[PDB]
$ cat run-v4.txt   # compact mmCIF, C-alpha atoms
# COMPACT_ATOMS: atom_id res chain seq x y z
CA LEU A 4 6.09 -7.61 -8.54
CA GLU A 5 2.81 -6.75 -6.77
CA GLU A 6 4.47 -5.02 -3.77
CA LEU A 7 6.59 -2.64 -5.88
CA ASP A 8 3.45 -1.66 -7.86
CA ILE A 9 1.56 -0.90 -4.62
CA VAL A 10 4.45 1.27 -3.35
CA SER A 11 4.71 3.07 -6.75
CA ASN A 12 0.97 3.88 -6.80
CA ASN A 13 1.09 5.03 -3.14
CA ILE A 14 3.74 7.67 -4.01
CA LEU A 15 1.45 8.96 -6.80
CA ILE A 16 -1.22 9.81 -4.17
CA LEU A 17 1.11 12.66 -3.07
CA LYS A 18 0.38 14.48 -6.38
CA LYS A 19 -2.84 15.83 -4.76
CA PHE A 20 -0.74 18.23 -2.64
CA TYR A 21 0.32 20.06 -5.82
CA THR A 22 -2.78 19.79 -8.05
CA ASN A 23 -5.89 19.76 -5.81
CA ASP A 24 -6.77 22.96 -3.86
CA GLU A 25 -8.07 21.28 -0.67
CA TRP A 26 -4.85 19.27 -0.28
CA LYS A 27 -2.55 22.15 -1.32
CA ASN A 28 -4.13 24.12 1.55
CA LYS A 29 -3.11 21.40 4.05
CA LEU A 30 0.51 21.55 2.80
CA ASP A 31 0.50 25.39 2.83
CA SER A 32 -0.93 25.41 6.37
CA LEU A 33 1.72 22.92 7.60
CA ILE A 34 4.54 25.09 6.17
CA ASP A 35 3.00 28.35 7.50
CA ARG A 36 2.76 26.89 11.04
CA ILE A 37 6.39 25.64 10.87
CA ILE A 38 7.69 29.12 9.89
CA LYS A 39 5.55 30.92 12.52
CA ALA A 40 6.35 28.57 15.42
CA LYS A 41 8.96 29.39 18.08
CA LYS A 42 9.90 25.72 18.69
CA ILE A 43 8.73 22.62 16.75
CA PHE A 44 8.03 19.29 18.48
CA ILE A 45 7.71 15.94 16.70
CA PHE A 46 6.44 12.65 18.18
CA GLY A 47 5.54 9.14 17.11
CA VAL A 48 5.92 5.58 18.40
CA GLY A 49 7.81 2.70 16.75
CA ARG A 50 8.46 2.99 13.01
CA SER A 51 6.28 6.14 12.81
CA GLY A 52 8.63 7.68 15.37
CA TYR A 53 11.81 6.82 13.43
CA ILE A 54 10.29 8.49 10.35
CA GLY A 55 9.40 11.39 12.69
CA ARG A 56 13.04 11.67 13.78
CA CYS A 57 14.13 11.88 10.09
CA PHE A 58 11.92 14.97 9.69
CA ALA A 59 12.95 16.47 13.08
CA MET A 60 16.64 16.22 12.11
CA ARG A 61 16.00 17.81 8.70
CA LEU A 62 14.05 20.78 10.21
CA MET A 63 17.05 21.36 12.49
CA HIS A 64 19.35 21.28 9.40
CA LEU A 65 17.34 24.19 7.94
CA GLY A 66 17.73 26.34 11.07
CA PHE A 67 14.48 25.74 12.96
CA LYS A 68 14.39 24.98 16.71
CA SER A 69 13.30 21.37 16.20
CA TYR A 70 12.87 18.69 18.88
CA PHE A 71 11.74 15.09 19.17
CA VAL A 72 9.65 14.33 22.28
CA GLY A 73 11.30 11.73 24.52
CA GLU A 74 14.91 12.73 23.88
CA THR A 75 17.58 14.08 26.26
CA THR A 76 17.57 17.82 25.62
CA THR A 77 13.92 18.28 24.60
CA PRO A 78 12.42 21.23 26.61
CA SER A 79 8.96 22.32 27.71
CA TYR A 80 6.16 22.90 25.21
CA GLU A 81 5.11 26.57 25.32
CA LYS A 82 2.13 28.58 23.92
CA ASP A 83 3.88 29.70 20.70
CA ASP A 84 5.08 26.18 19.83
CA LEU A 85 3.95 23.52 17.34
CA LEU A 86 3.42 19.77 17.83
CA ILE A 87 3.38 17.35 14.88
CA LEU A 88 2.09 13.82 15.56
CA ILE A 89 2.70 10.88 13.23
CA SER A 90 0.55 7.78 13.77
CA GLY A 91 -0.80 5.05 11.47
CA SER A 92 -4.08 4.19 13.19
CA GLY A 93 -4.17 7.39 15.25
CA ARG A 94 -5.24 5.32 18.28
CA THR A 95 -1.86 4.71 20.00
CA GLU A 96 -2.21 5.54 23.72
CA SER A 97 1.26 7.12 24.08
CA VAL A 98 0.51 9.52 21.19
CA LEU A 99 -2.85 10.43 22.82
CA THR A 100 -1.09 11.20 26.15
CA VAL A 101 1.24 13.70 24.40
CA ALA A 102 -1.74 15.16 22.45
CA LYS A 103 -3.77 15.70 25.67
CA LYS A 104 -0.89 17.50 27.43
CA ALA A 105 -0.19 19.78 24.46
CA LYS A 106 -3.91 20.58 24.09
CA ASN A 107 -3.84 22.20 27.56
CA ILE A 108 -1.13 24.65 26.39
CA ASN A 109 -2.34 25.55 22.83
CA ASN A 110 -4.34 24.41 19.76
CA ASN A 111 -1.27 24.18 17.46
CA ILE A 112 -1.39 20.38 16.93
CA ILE A 113 -1.00 18.64 13.54
CA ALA A 114 -1.73 14.95 12.99
CA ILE A 115 -0.32 12.97 10.05
CA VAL A 116 -2.37 9.76 9.95
CA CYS A 117 -3.51 6.90 7.69
CA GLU A 118 -6.79 6.13 9.53
CA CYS A 119 -8.73 8.94 11.22
CA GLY A 120 -8.41 7.62 14.78
CA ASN A 121 -8.81 9.28 18.20
CA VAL A 122 -5.84 11.69 17.77
CA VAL A 123 -7.73 13.78 15.17
CA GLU A 124 -10.07 15.02 17.94
CA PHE A 125 -7.08 16.88 19.46
CA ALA A 126 -5.69 18.16 16.14
CA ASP A 127 -6.16 21.61 14.59
CA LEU A 128 -5.03 20.23 11.21
CA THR A 129 -5.31 16.61 10.09
CA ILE A 130 -3.33 15.37 7.08
CA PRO A 131 -4.60 11.86 6.07
CA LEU A 132 -2.31 9.73 3.88
CA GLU A 133 -4.77 7.06 2.76
CA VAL A 134 -2.48 4.43 1.25
CA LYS A 135 -3.02 0.91 -0.07
CA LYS A 136 -2.07 -1.95 2.29
CA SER A 137 -1.14 -5.52 1.32
CA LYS A 138 -0.59 -9.01 2.78
CA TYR A 139 3.20 -8.67 2.41
CA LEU A 140 3.28 -4.93 3.29
CA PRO A 141 1.42 -5.20 6.70
CA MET A 142 0.46 -2.81 9.55
CA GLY A 143 1.55 0.76 8.81
CA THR A 144 4.41 -0.25 6.43
CA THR A 145 3.08 1.68 3.41
CA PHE A 146 2.03 4.69 5.54
CA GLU A 147 5.54 5.00 7.07
CA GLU A 148 7.12 4.85 3.57
CA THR A 149 4.72 7.45 2.12
CA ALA A 150 4.97 9.66 5.23
CA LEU A 151 8.79 9.78 4.96
CA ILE A 152 8.52 10.79 1.29
CA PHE A 153 5.79 13.38 2.11
CA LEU A 154 7.90 14.88 4.91
CA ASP A 155 10.95 15.13 2.63
CA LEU A 156 8.72 16.90 0.05
CA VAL A 157 7.68 19.39 2.79
CA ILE A 158 11.41 20.05 3.43
CA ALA A 159 11.86 20.49 -0.36
CA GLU A 160 9.06 23.07 -0.40
CA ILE A 161 10.42 24.93 2.68
CA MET A 162 13.83 25.28 0.96
CA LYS A 163 12.17 26.65 -2.23
CA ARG A 164 10.09 29.28 -0.39
CA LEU A 165 12.92 30.50 1.85
CA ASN A 166 15.65 30.26 -0.87
CA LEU A 167 17.82 27.79 1.09
CA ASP A 168 20.65 25.74 -0.43
CA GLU A 169 22.46 22.49 0.49
CA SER A 170 25.09 24.69 2.23
CA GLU A 171 22.64 25.48 5.06
CA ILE A 172 22.39 21.76 5.83
CA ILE A 173 26.19 21.11 5.83
CA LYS A 174 26.68 24.08 8.22
CA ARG A 175 24.35 22.58 10.86
CA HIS A 176 24.85 18.85 10.17
CA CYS A 177 26.46 16.67 12.88
CA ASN A 178 30.21 16.44 12.29
CA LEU A 179 31.31 14.29 15.23
CA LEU A 180 30.31 10.81 14.03
$ encode --input "run-v4.txt" --output "structure tokens"
Amino acid sequence: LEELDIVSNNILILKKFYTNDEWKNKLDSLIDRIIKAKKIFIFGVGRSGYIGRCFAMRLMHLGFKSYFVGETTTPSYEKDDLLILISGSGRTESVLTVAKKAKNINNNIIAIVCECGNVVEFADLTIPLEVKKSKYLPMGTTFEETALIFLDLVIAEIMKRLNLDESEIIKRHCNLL
């Protein structure tokens, strides 16, 4: 069970955000920017985008004005807003297009990447999730898994700091489907 061992050890890399000062600062900065922002925008392509949507939905559940770029009712990016980009290689052209346009409005851009590609040049804060890849866990597979877990841990930390319960989520959760 080589693949399960790789995934298990990849999740352990997230311990740095609680024990090491340089990584704790990245987590603290991400949370501080989320609380101070007027509106929060999330973007990613493919599987990185689906993981991005999971986080966007959860931020909305907590009461933030959260949006995913590309969707129906997503408005204009303004000066007091925040953009969070999720990309494996950090080289995806569609992610760079969104980064360039946001850069003309403000500097509040965060990049969650595996490899430090071109997108980091446009980011104010870069959060690298350097995970182990495998033959049977190709492309950004392990990054997408670890990024989802990291983003759920950010939600966990936001709930702790603002004293939010599960009741806040039920109140704002979709009830039509």
$ residues_around --input "run-v4.txt" --residues "residue 21 (chain A)" --least-positions-apart "3" --cutoff "12 Å" --atoms "all atoms listed in the file" --output "ChimeraX atom specification"
/A:15-18,24-31,153,156-157,160
$ atom_distance --input "run-v4.txt" --atom1 "CA of residue 169 (chain A)" --atom2 "CA of residue 53 (chain A)"
22.9 Å
$ residues_around --input "run-v4.txt" --residues "residue 9 (chain A)" --least-positions-apart "2" --cutoff "12 Å" --atoms "all atoms listed in the file" --output "PyMOL selection string"
chain A and resi 4-7+11-16+134-140+144-146+148-149
$ write_last_selection --input "run-v4.txt" --atoms "C-alpha atoms" --output "compact mmCIF listing (two decimals), in the frame of the given file"
# COMPACT_ATOMS: atom_id res chain seq x y z
CA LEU A 4 6.09 -7.61 -8.54
CA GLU A 5 2.81 -6.75 -6.77
CA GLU A 6 4.47 -5.02 -3.77
CA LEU A 7 6.59 -2.64 -5.88
CA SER A 11 4.71 3.07 -6.75
CA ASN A 12 0.97 3.88 -6.80
CA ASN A 13 1.09 5.03 -3.14
CA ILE A 14 3.74 7.67 -4.01
CA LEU A 15 1.45 8.96 -6.80
CA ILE A 16 -1.22 9.81 -4.17
CA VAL A 134 -2.48 4.43 1.25
CA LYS A 135 -3.02 0.91 -0.07
CA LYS A 136 -2.07 -1.95 2.29
CA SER A 137 -1.14 -5.52 1.32
CA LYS A 138 -0.59 -9.01 2.78
CA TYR A 139 3.20 -8.67 2.41
CA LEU A 140 3.28 -4.93 3.29
CA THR A 144 4.41 -0.25 6.43
CA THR A 145 3.08 1.68 3.41
CA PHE A 146 2.03 4.69 5.54
CA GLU A 148 7.12 4.85 3.57
CA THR A 149 4.72 7.45 2.12
$ residues_near_point --input "run-v4.txt" --point "(12.0, 16.5, 13.5)" --cutoff "6 Å" --atoms "all atoms listed in the file" --output "PyMOL selection string"
chain A and resi 45+55-56+58-60+62+69-71
$ residues_around --input "run-v4.txt" --residues "region 107-123 of chain A" --least-positions-apart "2" --cutoff "7 Å" --atoms "all atoms listed in the file" --output "ChimeraX atom specification"
/A:81-82,85-94,99,103-105,125-134,146
$ closest_residue --input "run-v4.txt" --among "A:61, A:83, A:95, A:106" --to "residue 41 (chain A)" --atoms "only C-alpha atoms"
A:83
$ atom_distance --input "run-v4.txt" --atom1 "CA of residue 74 (chain A)" --atom2 "CA of residue 147 (chain A)"
20.7 Å
$ residues_around --input "run-v4.txt" --residues "residue 66 (chain A)" --least-positions-apart "6" --cutoff "12 Å" --atoms "all atoms listed in the file" --output "list in words"
residues 37, 38, 41, 42, 43, 59, 60, 158, 161, 162, 165, 167, 168, 170, 171, 172, 173, 174, 175 and 176 of chain A
$ axis_aligned_box --input "run-v4.txt" --around "region 95-111 of chain A" --padding-each-side "6 Å" --output "AutoDock Vina command-line options"
--center_x -1.5 --center_y 15.1 --center_z 22.5 --size_x 17.6 --size_y 32.8 --size_z 22.1
$ atom_distance --input "run-v4.txt" --atom1 "CA of residue 102 (chain A)" --atom2 "CA of residue 72 (chain A)"
11.4 Å
$ closest_residue --input "run-v4.txt" --among "A:32, A:75, A:23, A:97" --to "residue 48 (chain A)" --atoms "all atoms listed in the file"
A:97
